[PDB]
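Colleague: Got a structure here, written out as structure tokens. Questions coming.
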Amino acid sequence: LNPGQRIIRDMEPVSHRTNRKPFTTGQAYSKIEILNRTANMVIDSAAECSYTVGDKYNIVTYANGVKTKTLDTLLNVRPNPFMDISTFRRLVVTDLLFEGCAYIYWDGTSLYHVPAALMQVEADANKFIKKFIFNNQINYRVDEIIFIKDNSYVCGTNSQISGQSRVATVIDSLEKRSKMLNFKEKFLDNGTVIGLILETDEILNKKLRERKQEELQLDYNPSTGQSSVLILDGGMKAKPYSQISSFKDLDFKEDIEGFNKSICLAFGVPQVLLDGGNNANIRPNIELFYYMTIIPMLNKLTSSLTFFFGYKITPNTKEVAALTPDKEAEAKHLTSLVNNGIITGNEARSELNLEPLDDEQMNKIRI
Amino acid sequence: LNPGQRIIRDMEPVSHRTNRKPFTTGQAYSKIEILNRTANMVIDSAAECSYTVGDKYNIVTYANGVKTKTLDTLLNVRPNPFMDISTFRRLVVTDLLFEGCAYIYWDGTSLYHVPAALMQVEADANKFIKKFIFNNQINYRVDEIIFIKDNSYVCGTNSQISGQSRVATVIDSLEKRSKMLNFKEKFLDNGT
Amino acid sequence: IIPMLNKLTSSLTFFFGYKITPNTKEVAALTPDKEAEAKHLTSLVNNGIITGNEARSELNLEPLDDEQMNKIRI
Amino acid sequence: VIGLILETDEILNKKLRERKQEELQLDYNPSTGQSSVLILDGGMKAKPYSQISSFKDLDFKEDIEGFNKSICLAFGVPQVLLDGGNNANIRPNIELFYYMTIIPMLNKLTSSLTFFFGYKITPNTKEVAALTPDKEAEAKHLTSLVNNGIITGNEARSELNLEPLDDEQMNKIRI
Amino acid sequence: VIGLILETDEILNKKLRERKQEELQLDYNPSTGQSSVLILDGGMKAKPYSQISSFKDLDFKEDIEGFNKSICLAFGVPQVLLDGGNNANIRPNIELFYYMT
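Protein chains in written order, with the deposited numbering: chain U, 11 to 377; chain C, 11 to 202; chain A, 304 to 377; chain E, 203 to 377; chain W, 203 to 303.
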């Protein structure tokens, strides 16, 4: 064992919540459209991916006696008797995204999801971790929980526990943008416009003064009125006024655009996916997004599951519609490989997502 | 079973409606061109897609005894004896889009649509969910309803129930734009 | 669209126990290019990976009850 | 922000002065109000004021952009990965990032491990999704090398991340 | 930064003067306030001031870019490697850097 695990325990006995503002998070998610779209895109893309259970690693694991078919059914078909696979995956992904850590409880035969807003992980003096405390009371144990953690740098030292959430980082930019937008709308609402100003040095009959104010305003409007010439008699003048505060000084386009780009950068969604563009803009950006953003996020979970069960579990899409390969190039390279002898026909059929055919010459290499 | 389902029930016993402004939603849908076009495009595109029933998974399900052909006819040809497949799909999709969740009641031999604006989902202390309350009265049960939920982050905790509607995010920018347009037209009208 | 329908199909699969997946294959806006489809289908059929009946099914035609269309040519 | 400034040389009834201030502000707003013409009687004037400090002098876009450029440079991530771009740009930048930034960093660790244990340890991705090679070019060069005789079939299968097949003619060079 | 300058030729009660300074500043901000019109009584005027030193005269982009380019030139790293570009920019620049430097 590690001789200095006690020191690391004393440095940070328990986990710390890293989602400092949950209510503001919920309000921004509920009333800001960029946040809603990006978060929904990330969660749906992560939940779309499937899982594959392969070889068995000869190591001692927390959960033993579990067959490959049971894992295949749990991860793919239906984890709980009472909950969907899509709902389970989306809940786990949103827990991981909004909160630094995510947890999945392991029952005798099924995987139950546990919210991460109430979990508090307690470190151990000797090995790694002593116990998990769901809010309070229950005190799960350790053998029954799968632990997924994002890399975090809290306070001074990096933590073996806890985890830092991507959505908190974005919370300031939305506030900064919303303040400016509300400022613009309130400036428009409270502004005043004046068309004509007349000045006199005498007290001219307030009532008929207001009557003349109405009369001139109606008459000189070119939409409803047919007057253009004004004759001022009695000494009345016209002050050549100007506009003090105009709406052209408020140039908020660049700042709002920068805040939007910063939000998209923080979540990791490429700009082209949100806007749309040419084919060369479309497909490589989809591949970049899916692979380089989602696949590490699922890789954390798959590594945790591999540690827990002892079976090689890797993310495998191979069905996602947005990752559908080009038909012509796929056919060309598969047929070339099959004809030249590198791969059998059955392997090509499997890669085409078809079913292997029980022939004789398709299980032997042609040349 | 989960040893801590009681705590999750205590946190969120019942569902919460996330369509805060329904009347403003309806008025904007009725009198805004971009909202109408985008919503119609999404709903029609979702309703265009068909469904395929394939292999049978050897698990114990809520509804058993249904053959492949009957399910295929229900999903594709004609769900109810009294309503269209296109109308059924469009209703389900618009319920899912405007309200966070959508529901489909399961009768003896056919699928009946139930609006999501009135149903309230009651969580269970032990397993997942106790009953669905259609406004009031009925208390359907659970075995008779298909539940579809969008991912939601309400208040502080993400709920296993409820769901967050995409159209409400818009009911802010639409008002901001309409105010500016009306300001422009009235400034033009009142000028001299 | 497809994730939106995927939630519904996953719920239906849980409810009924039948693998239900979204499948367009008929949507006019998703009509594939005729020439590229013909090229890749004919290459796959001739080289031996895919039988003729599978190609007809992917062309949204009906299977034809022949003898040499249910066996791999080469 | 100020819309209108009126000045007078006499003390005109503070309370009704404020009432007139709110009345004019409500009336002359084109959003809620239908007045455009104003008459000043009794000697009240209007000072043609201007704006001292505007929001157009605060041009901060370039400096903030430069700070972002410097941060991205300091860590080493090509900017196209963060922003996104065309077909040609999107793959070479991924390769440049991974190789130049990551691989030396893992190379330090692998050299230390080789010193510690005495086994040649080298970083090997060959599985990273973002480094997935082009299918057509890979097939072309592998098939050419296999057919011409430089590389056996088993080596090609291994490079394709498949499993070696226990045949006879795949462990001997064809020509 | 200054928004309004009002001038008077009399000693008008410093304390209430500061109170009015706070009141006008809070009232006339469109973020928190619903007033747009001001009336000056008693002889108080408004000086049309301007801005002496602005932030637009400080154009430092070109000089900083020149210094960064000079540093990169001194070490020998091509600018494209630091910024990133197209494939024809990526590979030849990598080869040039490695070889020549």
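In this text, a Cβ means the ideal position worked out from N, Cα and C, and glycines have one as well.
Closer than 7 Å between beta carbons: that is the criterion. Which residues of the segment 31-60 of chain C meet it against chain A?
Modeller: The residues in question are 55, 56, 58, 59, 60.
Colleague: Between which two residues does the alpha helix (DSSP H) containing residue 57 of chain C stretch?
Modeller: Numbered from its first residue, the second sequence carries residue 57 of chain C at position 47. Counting along the chain, the alpha helix (DSSP H) containing residue 57 of chain C begins and ends at 43-58.
Colleague: Taking the CB atoms as reference points, tell me whether residue 384 of chain E and residue 250 of chain W lie closer together than 8 Å.
Modeller: Outside the displayed range of chain E (203 to 377) lies residue 384 of chain E, so it cannot be described from this structure.
Colleague: Taking 7 Å as the cut-off, does the CB of residue 194 of chain U come closer than this to any heavy atom belonging to the ligand FMN?
Modeller: The ligand FMN is absent from the structure shown, which contains no ligands of any kind.
Colleague: What residue range does the beta strand (DSSP E) around residue 379 of chain U cover?
Modeller: Given that chain U is displayed from residue 11 to residue 377, the structure contains no residue 379 of chain U and the question cannot be resolved.
Colleague: Quick one: what's got a C-beta closer than 6 Å to residue 159 of chain C's C-beta in the same chain, skipping five residues either side?
Modeller: One-based indexing of the second sequence puts residue 159 of chain C at position 149. These residues qualify, in order along the chain: 111, 173.
Colleague: Can you give me, in chain order, the residues of the segment 230-248 of chain W that have a beta carbon less than 7 Å from any beta carbon in chain U?
Modeller: Listed by position, the residues of the segment 230-248 of chain W near chain U (Cβ gap below 7 Å) are 232, 233, 236, 238, 239.
Colleague: Among C:135, C:137, C:146, C:139, which residue has its Cα nearest to the Cα of residue 128 of chain C?
Modeller: As a working mapping, residue 128 of chain C is identified with position 118 in the second sequence. Closest option to residue 128 of chain C, Cα to Cα, is C:146.
Colleague: Can you find the residues in the same chain that come closer than 8 Å, C-beta to C-beta, to residue 188 of chain U, ignoring five residues on each side of it along the sequence?
Modeller: Translated into the one-based positions of the first sequence, residue 188 of chain U becomes position 178. Counting only Cβ-Cβ distances below 8 Å, and skipping sequence neighbours, we find 42.
Colleague: So residue 370 of chain A contacts chain U; which residues on that side make the cut at Cβ distance below 8 Å?
Modeller: Mapped onto the third sequence, residue 370 of chain A falls at position 67. Near residue 370 of chain A there are no residues of chain U at all, since even the closest Cβ is about 15 Å away, more than 8 Å.
Colleague: In whole angstroms, what separates the C-alpha of residue 164 of chain U from that of residue 231 of chain W?
Modeller: Your numbering for residue 164 of chain U matches position 154 in the first sequence. Your numbering for residue 231 of chain W matches position 29 in the fifth sequence. About 39 Å.
Colleague: Return yes when the Cβ of residue 45 of chain C is within less than 8 Å of the Cβ of residue 152 of chain C, no when it is not.
Modeller: On the second sequence, residue 152 of chain C is found 142 positions in, with the first residue counted as 1. On the second sequence, residue 45 of chain C is found 35 positions in, with the first residue counted as 1. The answer is no: Cβ separation not under 8 Å.
Colleague: For the beta strand (DSSP E) that residue 112 of chain U lies in, which residues bound it at each end?
Modeller: The sequence position of residue 112 of chain U within the first sequence is 102, counting from 1. Start and end: 111-116.
Colleague: Could you check where the alpha helix (DSSP H) with residue 349 of chain E kicks off and where it finishes?
Modeller: Position 147 of the fourth sequence, counting from 1, holds the residue named residue 349 of chain E. Looking at the DSSP string, the run of the alpha helix (DSSP H) that includes residue 349 of chain E is 337-350.
Colleague: Reducing DSSP to helix, strand and coil, say where residue 301 of chain E ends up.
Modeller: The count along the fourth sequence starts at 1 and reaches residue 301 of chain E at position 99. Helix, per DSSP.
Colleague: Leaving out five residues on either side along the sequence, give the residues of the same chain with a beta carbon under 8 Å from the beta carbon of residue 359 of chain U.
Modeller: As a position in the first sequence, residue 359 of chain U is number 349, starting the count at 1. Correct list, in chain order: 365, 366, 367, 372.
Colleague: Looking only at C-alpha atoms, which of U:18, U:228, U:352, U:120 sits nearest to residue 86 of chain U?
Modeller: For this step, residue 86 of chain U is matched to residue 76 along the first sequence. Of the listed residues, the one whose Cα sits closest to residue 86 of chain U is U:120.
Colleague: In the structure shown, what three-state DSSP assignment does residue 24 of chain U receive?
Modeller: One-based indexing of the first sequence puts residue 24 of chain U at position 14. Strand, per DSSP.
Colleague: Could you name the residues of chain E that residue 196 of chain C contacts, counting a contact when the two beta carbons are closer than 8 Å?
Modeller: Counting from one through the second sequence, the residue named residue 196 of chain C turns up at place 186. Within chain E, the residues near residue 196 of chain C are 232, 233.
Colleague: Can a CB atom of chain A be found closer than 8 Å to the CB of residue 157 of chain C?
Modeller: For the purposes of this step, residue 157 of chain C is taken as the residue at position 147 of the second sequence. Interface residue, yes.
Colleague: If you count every other CB in all the chains shown that lies within 10 Å of the CB of residue 335 of chain E, and 16 or more means buried, which is it?
Modeller: In the fourth sequence, the residue the question calls residue 335 of chain E occupies position 133. Exposed: under 16 other Cβ atoms inside 10 Å.
Colleague: Considering only the alpha carbon of each residue, which of A:328, A:332, A:327, A:361 lies closest to residue 343 of chain A?
Modeller: In the third sequence, the residue the question calls residue 343 of chain A occupies position 40. Closest option to residue 343 of chain A, Cα to Cα, is A:361.
Colleague: Take residue 24 of chain U as the anchor and find which of U:58, U:99, U:141 has the nearest alpha-carbon.
Modeller: Sequence index remark: in the first sequence, residue 24 of chain U carries index 14 (1-based). Of the listed residues, the one whose Cα sits closest to residue 24 of chain U is U:141.
Colleague: Drop a sphere of 10 angstroms on the beta-carbon of residue 281 of chain W, count the other beta-carbons inside from all chains shown, and report buried for 16 or more, exposed for fewer.
Modeller: In the fifth sequence, counting from the first residue as 1, residue 281 of chain W sits at position 79. With fewer than 16 other Cβ atoms within 10 Å, it is exposed.
Colleague: From which residue to which residue does the alpha helix (DSSP H) around residue 10 of chain U run?
Modeller: It is not possible to answer for residue 10 of chain U, since the shown part of chain U is limited to 11 through 377.
Colleague: Which term fits residue 355 of chain U, buried or exposed, when burial requires 16 or more other beta carbons within 10 angstroms of its beta carbon?
Modeller: As a first step, residue 355 of chain U is located in the first sequence; it is residue number 345 there, counting from the start. Buried is the call here.
Colleague: Can you tell me whether residue 126 of chain U is helix, strand or coil according to DSSP?
Modeller: Along the first sequence, read from residue 1 onward, the residue named residue 126 of chain U stands at position 116. Of the three classes helix, strand and coil, the one that applies to residue 126 of chain U here is coil, per DSSP.
Colleague: In terms of residues, what are the limits of the alpha helix (DSSP H) holding residue 230 of chain W?
Modeller: Translated into the one-based positions of the fifth sequence, residue 230 of chain W becomes position 28. Per DSSP, residue 230 of chain W belongs to the alpha helix (DSSP H) from 216-230.
Colleague: Compute the Euclidean distance between the alpha carbons of residue 277 of chain U and residue 29 of chain U, then round it to the nearest angstrom.
Modeller: One-based indexing of the first sequence puts residue 277 of chain U at position 267. One-based indexing of the first sequence puts residue 29 of chain U at position 19. Cα-Cα distance, rounded: 16 Å.
Colleague: Using a Cβ-Cβ cut-off of 8 Å (strictly less than) and excluding sequence neighbours within five positions of residue 246 of chain W, which residues of its own chain qualify?
Modeller: Looking up residue 246 of chain W in the fifth sequence gives position 44. Cβ neighbours of residue 246 of chain W beyond the five flanking positions: 208, 209, 210.
Colleague: Nearest chain C C-beta to residue 335 of chain A closer than 8 Å, yes or no?
Modeller: Here residue 335 of chain A refers to the residue found at position 32 of the third sequence. No - not a single Cβ of chain C is within 8 Å of the one on residue 335 of chain A.
Colleague: Look up residue 280 of chain E in the DSSP assignment and say whether it is helix, strand or coil.
Modeller: One-based indexing of the fourth sequence puts residue 280 of chain E at position 78. If DSSP states are grouped into helix, strand and coil, residue 280 of chain E belongs with coil.
Colleague: Indicate whether at least one CB of chain E lies closer than 8 Å to the CB of residue 110 of chain C.
Modeller: On the second sequence, residue 110 of chain C is found 100 positions in, with the first residue counted as 1. Closer than 8 Å: no.
Colleague: May I ask which residues mark the beginning and end of the beta strand (DSSP E) holding residue 29 of chain U?
Modeller: Counting from 1 along the first sequence, the entry for residue 29 of chain U is found at position 19. Per DSSP, residue 29 of chain U belongs to no beta strand (DSSP E) and is neither H nor E.
Colleague: If you pair each beta-carbon of the segment 57-71 of chain U with each one of the segment 313-330 of chain U, do three or more pairs fall below 8 Å?
Modeller: Yes: the two stretches touch, three or more of their Cβ pairs being nearer than 8 Å.
Colleague: Give me the residue from C:201, C:57, C:178, C:22 with the minimum Cα distance to residue 36 of chain C.
Modeller: As a working note, residue 36 of chain C is residue 26 in the second sequence. Out of C:201, C:57, C:178, C:22, C:178 has the C-alpha closest to the C-alpha of residue 36 of chain C.
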